[PDB]
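This structure is in structure tokens; I'll ask about it shortly.
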Number of protein chains: 2
Amino acid sequence: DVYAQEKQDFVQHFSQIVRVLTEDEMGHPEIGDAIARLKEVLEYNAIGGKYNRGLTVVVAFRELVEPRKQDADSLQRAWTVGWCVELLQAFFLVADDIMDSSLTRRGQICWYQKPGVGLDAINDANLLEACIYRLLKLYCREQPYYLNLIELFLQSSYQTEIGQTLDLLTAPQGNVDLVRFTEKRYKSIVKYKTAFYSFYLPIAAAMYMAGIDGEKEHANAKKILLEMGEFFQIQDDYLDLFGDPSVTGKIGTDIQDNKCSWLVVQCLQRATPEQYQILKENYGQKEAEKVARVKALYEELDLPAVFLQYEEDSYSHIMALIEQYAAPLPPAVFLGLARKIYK
Amino acid sequence: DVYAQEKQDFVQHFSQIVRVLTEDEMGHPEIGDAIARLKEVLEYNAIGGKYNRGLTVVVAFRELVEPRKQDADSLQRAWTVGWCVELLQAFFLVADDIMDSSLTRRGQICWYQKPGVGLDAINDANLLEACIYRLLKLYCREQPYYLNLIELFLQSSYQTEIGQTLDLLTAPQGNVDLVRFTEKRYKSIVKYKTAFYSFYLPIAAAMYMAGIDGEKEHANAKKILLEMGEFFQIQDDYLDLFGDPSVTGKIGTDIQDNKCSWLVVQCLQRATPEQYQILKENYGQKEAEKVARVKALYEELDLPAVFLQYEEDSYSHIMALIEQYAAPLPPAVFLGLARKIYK
Ligand SMILES: Cc1ccc(-c2cc3c(N[C@H](Cc4ccccc4)P(=O)(O)O)ncnc3s2)cc1Cl
Ligand SMILES: Cc1ccc(-c2cc3c(N[C@H](Cc4ccccc4)P(=O)(O)O)ncnc3s2)cc1Cl
Ligand SMILES: Cc1ccc(-c2cc3c(N[C@H](Cc4ccccc4)P(=O)(O)O)ncnc3s2)cc1Cl
Ligand SMILES: Cc1ccc(-c2cc3c(N[C@H](Cc4ccccc4)P(=O)(O)O)ncnc3s2)cc1Cl
């Protein structure tokens, strides 16, 4: 993996990301305590994922820029903008975990659940967002793509927040209503909440850093990447339930949490009224036998089969989209991602 | 008041602020529900203050720009950037109210306390922030000061978030510790949490909109405005306790809430160890006789007197700062504000 390789240089750079964000203690003694706190927030919430989103910025930059324009300072900025994507994701996660009342994240006590943090985690999350724009000013203010990157991050923020709204309206935890759980609505949530920031944002960042600022180029890439994003989340939802937990790295609570998961959406498109009721009974309760009872119903409606067929059709559709819309980017940009997620 | 006058045209523009932020329903049917929710958030959280911060943008614009360059579209943008300041403040308030566990804001149930909102208010607050940048793109993307305004709003956000951090570290509600309640520390909290966004931001916005982008100009104005901000909050703290409630428009809970208020800071600079204890006893409890007991101790240390002297010294200092640092802005820019707050 072009990823496996650059992962070292990416995580080492984090040390510097922090040094700089905390350098204004030398500036202003007054605010030191606050900066100490900011250090703690970064160290706890930005480390511990697989850094797929961040690395994608660096990998795409290497693939998009003639090697002659890849000097030490250019790579410094690719590293930094990748970290900016991870910090956006960290901001969303800290805040999503408060709102969902989640207990663990990346197999670790969620930040807001730590002794002496609680709802202070809201300000903490706001700082994480701020840090994106601090890094962009510190590393990219002199660059011709500076404004392009600010607009991208801000738009990405807005698209995600919109998705979060739509989700919260659709799945009030403590309110088992399946009538709002439709394909149209599932697709929209994924597009706004996950797909823009996870697939479009990091590639679009690399494109601007490479002098590829054209609206048609970005539209074309967007068409490919939002569809990759759709498949990714659908696979996320399949494997929450049917995923081997030692393989995935997690055990799925989507059923207990009354999620608008691809699985229930398909289940509802297929059920007879008898079956609608068994689900209406069991979907969104914590009881292990009322959760075995949905899994069994999913199984009896051969949804693992429905998924395998969707995974085949989806693979064909992505490859056609890459043929049509990749040019004049190296198809490798897209193919590298398509291989991480169809793995 | 140059304020009393333009207040009409400001509040009427809000209707349009909303129309535009909700116009992408025509764009995207999919996200309609979310946009409905966004409308509700704006209507509830942006309306109902005195719009001092927003109006200051409009008033300062009129005073700074030769009347020949004040066309219909220029005033549209002044209105919009004023609303952007109010939306920043609304974002901070919705989030601060969750973190403080406050029950009412502008004599109204805090948003997060409304049936069916709760911690969803966190995403709501994020949308309010987003809306700033949407409005700036929609009204100012073609203008030469566009980037200047994005950087200002983002920096203002960061300064405020830092202040919030410092405050939360200093005043853990449920932790009566008075040793961290020092003048140095009180001053820092005010500067970062209140003064930048409330005094510097709206004037600095008007300055950029007027082609006044120079670093020395902005430094000079900042020197005046951060000191106005310091006095404002000190008066806020005095009147929380000694303010006539029918005059102010609020009854003060600073004592119950273990706030780092100017009052306790002065109280601590003055108390004998006997008095340190009576306070250490009574500061931060909800009991009306352990709150009468602090008020009485403040009184016995003649703090209303200490304030009156501070208000005189502060007035002299601001007027000297305006003589020195106003040029080449119309001193009226500063004097109009100085009169709203020394009222
Ligand atoms: C843009 C992009 C986004 C995500 C990925 C991948 C993520 C991920 C993963 N992620 C874990 C979550 C997850 C588990 C199982 C299935 C999907 C996601 P985690 O790193 O702990 O969040 N676990 C196994 N494989 C993968 S591939 C790859 C790309 Cl190119
Ligand atoms: C860009 C790209 C995309 C996909 C692949 C391959 C994926 C895959 C696979 N994937 C399994 C699932 C799958 C079944 C059918 C069609 C695609 C994926 P899994 O390991 O469970 O994700 N199982 C056998 N063979 C393959 S080859 C290879 C590349 Cl170069
Ligand atoms: C930049 C700036 C910021 C604030 C003000 C003023 C605010 C305010 C007020 N505000 C109320 C709060 C407040 C009450 C008493 C004393 C200070 C503030 P509220 O509008 O409900 O937040 N109540 C009486 N007078 C005032 S003057 C003026 C400016 Cl020129
Ligand atoms: C720019 C400017 C600033 C201040 C003033 C004035 C304020 C004030 C006052 N203020 C009272 C308090 C005060 C006492 C001493 C010095 C300044 C303010 P209050 O209404 O309680 O805020 N009480 C009598 N007279 C005055 S004149 C006038 C302007 Cl043209």
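Note that chain B is numbered according to Swiss-Prot, with residues 74-416 shown in order.
Backbone N, Cα and C define each Cβ position, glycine as well.
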Among B:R92, B:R179, B:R207, which is the one Swiss-Prot gives for the isopentenyl diphosphate site where B:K123, B:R126, B:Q162 also bind?
B:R179
What residue among B:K323, B:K353, B:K363 has an entry for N6-acetyllysine in Swiss-Prot?
B:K353
Give me the long-range Cβ neighbours of B:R126 (isopentenyl diphosphate binding site): same chain, 6+ apart, Cβ under 8 Å, in sequence order.
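Within the chain, B:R126 (isopentenyl diphosphate binding site) has Cβ neighbours under 8 Å at B:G155, B:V158, B:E159, B:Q162, B:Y270, B:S271, B:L274, B:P275.
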Using the recorded isopentenyl diphosphate site (B:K123, B:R126, B:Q162, B:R179) as reference, state which further residues of the same chain have their Cβ within 8 Å of the centre of those residues' Cβ atoms, listed in sequence order.
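For the isopentenyl diphosphate site, the extra neighbours are B:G122, B:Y124, B:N125, B:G127, B:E159.
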What is the separation, in Å, between the Cα atoms of B:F164 (site 'Important for determining product chain length') and B:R178 (dimethylallyl diphosphate binding site)?
13
Calculate the distance in Å between the alpha carbons (Cα) of B:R179 (isopentenyl diphosphate binding site) and B:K323 (dimethylallyl diphosphate binding site), and round it to a whole number.
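Pair distance, Cα basis, whole Å: 8 Å.
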Quick check: of the binding-site residues listed here (B:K123, B:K266, B:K323, B:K332), which one has the Cα closest to that of B:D173 (Mg(2+) 1 binding site)?
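That would be B:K332, nearest by Cα distance.
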Nearest to B:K323 (dimethylallyl diphosphate binding site) in three-dimensional space, by Cα, is which of the recorded positions B:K123, B:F165, B:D169?
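Closest by Cα: B:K123.
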Ranked by the number of other Cβ atoms within 10 Å of their own Cβ, which of the binding-site residues B:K123, B:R178, B:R179, B:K266, B:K323 ranks first?
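Of the binding-site residues B:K123, B:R178, B:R179, B:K266, B:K323, the most buried by Cβ count within 10 Å is B:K266.
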Which recorded positions among B:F164, B:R178, B:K353 have CB under 6 Å of ligand 3?
none
